[PDB]
Amino acid sequence: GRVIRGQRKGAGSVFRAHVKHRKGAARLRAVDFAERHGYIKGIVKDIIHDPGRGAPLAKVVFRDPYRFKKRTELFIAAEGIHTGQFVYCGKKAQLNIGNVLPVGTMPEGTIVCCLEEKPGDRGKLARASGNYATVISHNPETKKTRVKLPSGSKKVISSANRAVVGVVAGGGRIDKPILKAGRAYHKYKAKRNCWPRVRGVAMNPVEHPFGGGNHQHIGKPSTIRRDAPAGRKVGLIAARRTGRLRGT
RNA sequence: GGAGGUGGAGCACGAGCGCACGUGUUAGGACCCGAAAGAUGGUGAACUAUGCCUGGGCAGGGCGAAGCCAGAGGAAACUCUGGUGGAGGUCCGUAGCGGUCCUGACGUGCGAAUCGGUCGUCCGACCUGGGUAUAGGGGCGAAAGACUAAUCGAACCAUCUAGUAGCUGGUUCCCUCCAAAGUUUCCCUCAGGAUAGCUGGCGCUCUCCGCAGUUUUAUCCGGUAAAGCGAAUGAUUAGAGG
RNA sequence: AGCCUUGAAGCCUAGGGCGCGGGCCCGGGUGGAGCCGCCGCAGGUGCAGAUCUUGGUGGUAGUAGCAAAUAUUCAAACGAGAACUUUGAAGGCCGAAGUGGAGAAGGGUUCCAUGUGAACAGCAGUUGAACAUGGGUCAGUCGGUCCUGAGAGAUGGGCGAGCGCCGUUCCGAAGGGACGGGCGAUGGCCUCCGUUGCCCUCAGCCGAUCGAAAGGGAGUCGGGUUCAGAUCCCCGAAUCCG
RNA sequence: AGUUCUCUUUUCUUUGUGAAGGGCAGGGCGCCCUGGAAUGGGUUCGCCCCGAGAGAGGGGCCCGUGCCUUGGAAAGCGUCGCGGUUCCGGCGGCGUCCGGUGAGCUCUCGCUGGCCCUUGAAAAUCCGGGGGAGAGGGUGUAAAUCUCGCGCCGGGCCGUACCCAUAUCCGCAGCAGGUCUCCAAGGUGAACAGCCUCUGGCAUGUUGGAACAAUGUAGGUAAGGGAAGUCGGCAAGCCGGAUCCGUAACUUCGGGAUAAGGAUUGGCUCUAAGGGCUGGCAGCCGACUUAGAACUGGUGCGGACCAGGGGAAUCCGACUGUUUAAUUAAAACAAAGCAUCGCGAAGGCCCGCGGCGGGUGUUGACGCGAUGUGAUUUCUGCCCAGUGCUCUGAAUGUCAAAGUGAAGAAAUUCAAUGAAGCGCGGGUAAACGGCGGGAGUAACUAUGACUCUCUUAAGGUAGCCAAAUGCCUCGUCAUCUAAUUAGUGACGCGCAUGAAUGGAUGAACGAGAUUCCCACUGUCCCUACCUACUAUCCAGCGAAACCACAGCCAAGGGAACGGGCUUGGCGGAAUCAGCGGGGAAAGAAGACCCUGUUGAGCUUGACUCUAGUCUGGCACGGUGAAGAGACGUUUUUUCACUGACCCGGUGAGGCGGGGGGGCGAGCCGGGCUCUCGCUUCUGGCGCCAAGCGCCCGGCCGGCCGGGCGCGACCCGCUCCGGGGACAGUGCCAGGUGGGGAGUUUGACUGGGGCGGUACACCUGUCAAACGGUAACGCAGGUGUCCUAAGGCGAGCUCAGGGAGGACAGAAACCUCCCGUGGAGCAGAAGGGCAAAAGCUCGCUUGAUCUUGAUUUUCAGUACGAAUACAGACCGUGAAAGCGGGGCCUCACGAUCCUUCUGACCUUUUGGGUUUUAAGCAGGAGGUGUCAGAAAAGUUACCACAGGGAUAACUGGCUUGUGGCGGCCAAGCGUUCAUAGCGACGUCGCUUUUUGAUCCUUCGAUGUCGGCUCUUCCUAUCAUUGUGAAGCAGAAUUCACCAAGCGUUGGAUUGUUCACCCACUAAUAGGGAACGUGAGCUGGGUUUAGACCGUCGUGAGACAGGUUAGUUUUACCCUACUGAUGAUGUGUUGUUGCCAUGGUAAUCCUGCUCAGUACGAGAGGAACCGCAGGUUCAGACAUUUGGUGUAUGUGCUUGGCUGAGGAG
Ligand SMILES: [Mg+2]
Ligand SMILES: [Mg+2]
Ligand SMILES: [Mg+2]
Ligand SMILES: [Mg+2]
Ligand SMILES: [Mg+2]
Ligand SMILES: [Mg+2]
Ligand SMILES: [Mg+2]
Ligand SMILES: [Mg+2]
Ligand SMILES: [Mg+2]
Ligand SMILES: [Mg+2]
Ligand SMILES: [Mg+2]
Ligand SMILES: [Mg+2]
Ligand SMILES: [Mg+2]
Ligand SMILES: [Mg+2]
Ligand SMILES: [Mg+2]
Ligand SMILES: [Mg+2]
Ligand SMILES: [Mg+2]
Ligand SMILES: [Mg+2]
Ligand SMILES: [Mg+2]
Ligand SMILES: [Mg+2]
Ligand SMILES: [Mg+2]
Ligand SMILES: [Mg+2]
Ligand SMILES: [Mg+2]
Ligand SMILES: [Mg+2]
Ligand SMILES: [Mg+2]
Ligand SMILES: [Mg+2]
Ligand SMILES: [Mg+2]
Ligand SMILES: [Mg+2]
Ligand SMILES: [Mg+2]
Ligand SMILES: [Mg+2]
Ligand SMILES: [Mg+2]
Ligand SMILES: [Mg+2]
Ligand SMILES: [Mg+2]
Ligand SMILES: [Mg+2]
Ligand SMILES: [Mg+2]
Ligand SMILES: [Mg+2]
Ligand SMILES: [Mg+2]
Ligand SMILES: [Mg+2]
Ligand SMILES: [Mg+2]
Ligand SMILES: [Mg+2]
Ligand SMILES: [Mg+2]
Ligand SMILES: [Mg+2]
Ligand SMILES: [Mg+2]
Ligand SMILES: [Mg+2]
Ligand SMILES: [Mg+2]
Ligand SMILES: [Mg+2]
Ligand SMILES: [Mg+2]
Ligand SMILES: [Mg+2]
Ligand SMILES: [Mg+2]
Ligand SMILES: [Mg+2]
Ligand SMILES: [Mg+2]
Ligand SMILES: [Mg+2]
Ligand SMILES: [Mg+2]
Ligand SMILES: [Mg+2]
Ligand SMILES: [Mg+2]
Ligand SMILES: [Mg+2]
Ligand SMILES: [Mg+2]
Ligand SMILES: [Mg+2]
Ligand SMILES: [Mg+2]
Ligand SMILES: [Mg+2]
Ligand SMILES: [Mg+2]
Ligand SMILES: [Mg+2]
Ligand SMILES: [Mg+2]
Ligand SMILES: [Mg+2]
Ligand SMILES: [Mg+2]
Ligand SMILES: [Mg+2]
Ligand SMILES: [Mg+2]
Ligand SMILES: [Mg+2]
Ligand SMILES: [Mg+2]
Ligand SMILES: [Mg+2]
Ligand SMILES: [Mg+2]
Ligand SMILES: [Mg+2]
Ligand SMILES: [Mg+2]
Ligand SMILES: [Mg+2]
Ligand SMILES: [Mg+2]
Ligand SMILES: [Mg+2]
Ligand SMILES: [Mg+2]
Ligand SMILES: [Mg+2]
Ligand SMILES: [Mg+2]
Ligand SMILES: [Mg+2]
Ligand SMILES: [Mg+2]
Ligand SMILES: [Mg+2]
Ligand SMILES: [Mg+2]
Ligand SMILES: [Mg+2]
Ligand SMILES: [Mg+2]
Ligand SMILES: [Mg+2]
Ligand SMILES: [Mg+2]
Ligand SMILES: [Mg+2]
Ligand SMILES: [Mg+2]
Ligand SMILES: [Mg+2]
Ligand SMILES: [Mg+2]
Ligand SMILES: [Mg+2]
Ligand SMILES: [Mg+2]
Ligand SMILES: [Mg+2]
Ligand SMILES: [Mg+2]
């Protein structure tokens, strides 16, 4: 046989991200003395569309505490922030929408977005449009907090991780039918070469496990074991179940 | 050490070595030409496939979305009527792009895919220039095993390599003499081999008793032709007497 | 003690013969420089075939054909020669999405003048993009040149048997610069200002380099001029940069 | 300048001003000032704007490519006129003027809006601003400084011609192909449409002349009919613009829609309405529209060009989009929608030989990755047994290495322990997939709601159906026709329908498949004519394919279809235009089929491996506490540590500890519990130190200039965090691993496959009286069985029958007699056997050890089996003897390897001892394809070498089957065998049926049917001439001579075949390579795409359905059709004969005979005559029709010649 489309995606080539017109990487501030002890003020200059991303991005500007400079930060835009607004990042920032605080100081039930997976990494979790994480509980003795991720999983993270109060803007995006193959063509022309997708049963056996046959049938169980070799791991990968999810 | 059997490519008063010539069998390119293949290392994205970058391009019409204005109706909700407006992977249709049917032309062509009419689409998932990226068990594929320089169910180039072929084709002067087999057995044996047979050549040991695809005379062997079933086995017709 | 310029090989021959034959001998002609008999030795040693190889030639055959896109005619000139060249006049066509006027890519002298009519231009040619002999491309301002784009690609580092590869800011002491000030050395319009070396002080850019004759990118227009070049030459009038 | 016969103050051409600077129009402003607005106003085509400041005034700025001006009239151009060397930027006159208009086109600037789950580059480079370190001079010849105006110097390098495409480029070429752009006139018109013209360009596309045959290619027309043609309306045709009216079912309410269906359209002369500027009015300007009316022509008017046929339905796919460049444009692919699955980053998925490697990822679950289905609507039932997937695990069978323990001299052996994975138990079908059978039963019959029963993991639910899915099948009913294998609607025990392998539906849409209808028509009846380009002849110029020799037939035989050969017919130069019968014509070593110990693509439950991956061990690999152990050491568990190792961030910017200061708490002003480190209202600013303390320098306490410290706490060993003795990596070990590699996937065979085993053996027969002898010949058997069923001895006699005997009988047990085997001897059969070879007892292990010879198969090899002996040990018998397996003929296995047994055995390499190992000899472990490889599929994407050794056509032999025909005569025919039939039997013929066979062809003979066209046969349907009837007539049946002439139009189907409708004298049957593809067509079959059902895990398959799928060459020879001609008659001509060959006419209707013959009646003829027609043939154009480029004459559209006229 030949290498299947899934295998070919990992080699880069025509399968790399379309990053020509993106505005940069959306991150929190790099943690420094100001955010470790107090807070720093910043002003929202612009809220911009980022190609390939549902959520808008905020362009916040801070004062450099050591030099005569202005620092431009590219934050994830929490819903409700506006241009000209003051945002504050640090340990002693106040619990307002758009402020960046360590999750340790946030009370139980706080809604956050752009939450650091590890302390200092500048924000990794709950960055998709409309999403957020909640704060469940703190363990001051071990300095660790329990949060609920948008997928529903619960995670124990360091209390020192920073995060933005509120939910990511641009929510409810998936509530609109696309209605058109052309509109889906434009959605992915800004992201990557993944569209349109050709079904496995519609290929020949040479380039897919499901291909071939005088009838368009899978011919083998579609739940494939977790340890299947690359080029064989297609279909429902390591599925715990199949069918309609009935109930909770 | 003896006696008697038995296994040995032995002894029993050498015959070998060297060289040359012929024939036969083989190993090698191996009598000559002939595969589909496989391997190593390289050259191609000037066609085409797909992603990206930067440019260019797409008459004239039809329908008439939202929004807006006015008039009328209504207790309210709101309703009706006339305009305005100009949406759309919207319709007719040009450029462009494409290529349905004629199963038309042509079919040693104008052309190793073209030509005519007729046709699809023509603001979009649109068309296109150049730059750039992906390279051969690899790419790329809105998926036809398609496309990857007229080459694709695995490109092209050189080498391995005079690849192997139980299979097809060919195999070059004269005369003289002799002259087959398509059968036995074994073989993943059935288009082929090995094997015995049939052939030829070289002789040698003798001769001027032996032998014979023949009969005769003796003597055995046999269970087919025929015949038998009022004899065994098997099959079978009819009466008759108890 | 072979033959041979008093004519070798080769080649041709309705010449004379020999041999069962493979073949050979002699005569005649052409040719022009070598060759053969016998005893042995040696072999890349004998062709009718292989859709054999290479070269040549037939019949087919003066045959298929020289039929896509409406179309030519009259007079004259040159000339050996005119359906096809040139001029004049008619009749037509392309009909501004052109059969018009200019470019990019590609070509590379095909451009221009004169000459030829051998070969080529599938008839002809007095003609041609053919052949021959000579010419022709002029810039601060039009492009390249510079920038970066998708991307390519060194060093540090890592990997690697190795040619090398990965990687492009990532495991790097990655700056050879600057207003100013201080110490000397020199000079010149030696007056006082330069230059230089060292020291002091200050210093993010964080990625070498490459990447577009359509992207970014200061600044040239009018008139004349050649056989062929001109926003380039000349005339006139301007402008940018240093 | 053109026209001027007439008219035209006419028609044509032409009628400038660059950059840069200045000035001004014009356009724009989300810019300012006054002011304060509802009776809200302003305002655009639309919008939109206002107390966050509208209207109204007055300003400011930006672009000004427009006009004036400097340039600049000197130049350029038009015209007229002079010179010269006359190849002069030659010289002069005049001119280069004044207005209008526009949804006009092209460009450009600007304003404002809509679209995006799309937001639409970077950098070089240039500029402004904030700040104020600094510098500049002391009142002047002023200084630093200047983005102001002039002036001075320089700008190197490379490209630059021309073509830019029916001839400069790529396709071998001056190739009808391909190849990126810019400018873009008048008329008609909606128009960058088509048609004509100006500017500019060209010479008809690599030749001309003359003809006007056939056949073509491309255009036209056609009376009457109108799809009857054909697989199919393919092709052509009808419709078409615009105005006005009008418009259904259905619908997702958007559509359908130009639905459908009508009317109108010219020319000319008018009327009305629709605006601008200036000073309810007056004046002057103007640009195209719309509507209405009269008049008018032979009803012709969208007059050319341009330009939708329509309707009713069914299937499929929602749509737009895409696709096999070069045979498939589709129902296939995609799609939005829907539903699953993995993953929280030390991660999922993937790449990579390699790493602190790489893509997703400039990412973070509203995401990325992997699948299925395929808009909407409605719904998506049951099954977890199978195969997958997944979850739990020391509770826990198997389980590698390593480690631990015991035995031993050690090698080694043994035990204990027990990772993953398998087993075990759950979940899961929008995972692959699946979703029964029999019988009885309701008061006629039929069904059978109901019941019984066997049964699976469910037993097919809602739906739907002879559907693209149903064999039977052309299902049945209805509708559509005259007639329908077609279509539609129903029915449904459905070979083999069915629910995201998605079921049912349904608007719009479709170069998708199908049916009907209206309209239209040359598709057809049934063909004709016309035009252009060929063909044709000529001048010039000029190939190629192909070729053993060649080129007339009949039959024969023959490699079974001859050009050659045999026997006959016969034969006459050289050629022209056509033609497609033949050359089993050319083209290409057949793609079908088979064989090959030849392949390749693909699959998997094939064999052997393998990357990756999961898992255990060892090493890197450390520190401390406890807990549990064992004997201060050491194994293990847990918790911690950091320093290896890893990850994240940062321009490695404030870390740890202490000091110092502020707010609270509290014990009796000080200590502590212990917290804090100065920024949260506003879309400002924020650095390059102020201040203080202490030192030093220069000049004359005063001026000038520096240094240090605090401000800005001190000390520290990892920059700061997060992990961490684990990740991870190196090397081993176990599992998984069609992701990937290599390879295999028997043979025989009346082709192969499927089926059988005729593959190793045995009996009888074949088999032809020695032996041997074949077939997928016939009838059978074998892969075992036996401690006795082997061995010996003795003693008996069996099957069957007859006759007797309590229960007792057909059959129990006892007795007598007969009994040649008719029984038994493991088994198949054949042979053999009677004091035995059978049966019963007694003793036993000759079924033991051993060397040779021989026989059978045979090669005179092996094995296997068997025969005689020989040497030992034995058994049995009194003994002679018999016995080393079975009464004989079958009952089985090499090398290599392993295992056992044997010897005071040999070797174990320098010697010795000992374990081990290897030798020698004899058994066993097995090769059944049985003289003995280790082995699954598919190919329709296919490949090579071959095969006519071998299948799919024709042809050949045969003729069972099919067809046709005789003979006998039981019967039938009321009677009567034979008018006409004819059983039981039997003899033939034919090769238009199917078989059987495999002779020819696999370096190719084009495979069904139709169409067209000719010919032949007779086994005769019709017609002519006849014979016989159970022949009265009429009608019919049987038979003869007989193939001259006929044998038709249609619906359904690809059809052959069939069925029906209709007409007819009749509607016979056949052959010619199942006549006929260089004759066509291509509907079917029979490539590659795709759908459904059944089958398969799958790739894939299906004499199962469905849809789309390239049809090449003649100019050669012959034959044929026509055309010149040739011999030889001295030449030549006119008129003729006819040898030979061809040959043709055919059937029916009406009237009369005649309502007659005949007949009871009903009905009902014939011959002769007359008048017509059908089919066919040969002509012809007077007539009617068709054509018509006489391009003949009118009409007429657009354009062009200034108009008229003429064109
Ligand atoms: Mg496919
Ligand atoms: Mg596969
Ligand atoms: Mg020999
Ligand atoms: Mg040899
Ligand atoms: Mg191989
Ligand atoms: Mg390219
Ligand atoms: Mg459209
Ligand atoms: Mg359209
Ligand atoms: Mg054709
Ligand atoms: Mg042709
Ligand atoms: Mg695209
Ligand atoms: Mg790769
Ligand atoms: Mg396929
Ligand atoms: Mg060879
Ligand atoms: Mg070879
Ligand atoms: Mg063979
Ligand atoms: Mg064998
Ligand atoms: Mg052979
Ligand atoms: Mg016998
Ligand atoms: Mg007999
Ligand atoms: Mg001769
Ligand atoms: Mg010489
Ligand atoms: Mg030699
Ligand atoms: Mg030769
Ligand atoms: Mg000719
Ligand atoms: Mg031509
Ligand atoms: Mg041009
Ligand atoms: Mg030109
Ligand atoms: Mg020529
Ligand atoms: Mg020239
Ligand atoms: Mg590199
Ligand atoms: Mg550069
Ligand atoms: Mg450039
Ligand atoms: Mg440029
Ligand atoms: Mg105002
Ligand atoms: Mg002048
Ligand atoms: Mg300032
Ligand atoms: Mg040029
Ligand atoms: Mg012409
Ligand atoms: Mg010409
Ligand atoms: Mg040409
Ligand atoms: Mg007609
Ligand atoms: Mg008519
Ligand atoms: Mg019909
Ligand atoms: Mg018909
Ligand atoms: Mg048609
Ligand atoms: Mg309709
Ligand atoms: Mg579709
Ligand atoms: Mg595509
Ligand atoms: Mg194709
Ligand atoms: Mg096509
Ligand atoms: Mg699924
Ligand atoms: Mg279901
Ligand atoms: Mg299960
Ligand atoms: Mg089923
Ligand atoms: Mg049902
Ligand atoms: Mg239906
Ligand atoms: Mg039906
Ligand atoms: Mg019909
Ligand atoms: Mg199904
Ligand atoms: Mg000629
Ligand atoms: Mg022949
Ligand atoms: Mg022929
Ligand atoms: Mg062949
Ligand atoms: Mg072949
Ligand atoms: Mg073989
Ligand atoms: Mg293979
Ligand atoms: Mg291969
Ligand atoms: Mg296996
Ligand atoms: Mg595998
Ligand atoms: Mg494989
Ligand atoms: Mg076979
Ligand atoms: Mg005999
Ligand atoms: Mg006895
Ligand atoms: Mg003995
Ligand atoms: Mg016995
Ligand atoms: Mg197939
Ligand atoms: Mg097949
Ligand atoms: Mg044969
Ligand atoms: Mg046959
Ligand atoms: Mg009778
Ligand atoms: Mg035979
Ligand atoms: Mg042949
Ligand atoms: Mg033929
Ligand atoms: Mg042929
Ligand atoms: Mg007859
Ligand atoms: Mg035939
Ligand atoms: Mg033929
Ligand atoms: Mg044909
Ligand atoms: Mg077909
Ligand atoms: Mg097919
Ligand atoms: Mg299945
Ligand atoms: Mg009477
Ligand atoms: Mg007439
Ligand atoms: Mg006129």
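What you see of chain A is 2-249, where the numbers are those given in Swiss-Prot.
Cβ atoms are placed via backbone N, Cα and C, with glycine included.
Here is what Swiss-Prot says about this protein:
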| type | residues | note |
| --- | --- | --- |
| CROSSLNK | A:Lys42 | SUMO2 cross-link |
| CROSSLNK | A:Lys149 | SUMO2 cross-link |
| CROSSLNK | A:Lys234 | SUMO2 cross-link |
| MOD_RES | A:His216 | (3S)-3-hydroxyhistidine |
| REGION | A:207-232 | region 'Disordered' |
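Known features from Swiss-Prot, placed on the structure.
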residue  : record                  : contacts (Cβ under 8 Å, 6+ apart)
A:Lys42  : SUMO2 cross-link        : A:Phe63, A:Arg64, A:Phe87, A:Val88, A:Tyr89
A:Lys149 : SUMO2 cross-link        : A:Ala134, A:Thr135, A:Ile137, A:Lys155, A:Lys156
A:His216 : (3S)-3-hydroxyhistidine : none
A:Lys234 : SUMO2 cross-link        : A:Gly7, A:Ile225
Task: Report, as numbers and ranges, every residue of the chain located at least six residues beyond the region 'Disordered' (A:207-232) whose Cβ falls under 8 Å of a Cβ in that stretch; write 'none' if there are none.
output: 2-8, 200-201, 238-240, 243
- prompt: How do the residues of the region 'Disordered' (A:207-232) split into helix, strand and coil according to DSSP?
  reply: 0 helix, 2 strand, 24 coil
- line: By a three-class reduction of DSSP, A:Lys234 (SUMO2 cross-link) is assigned coil
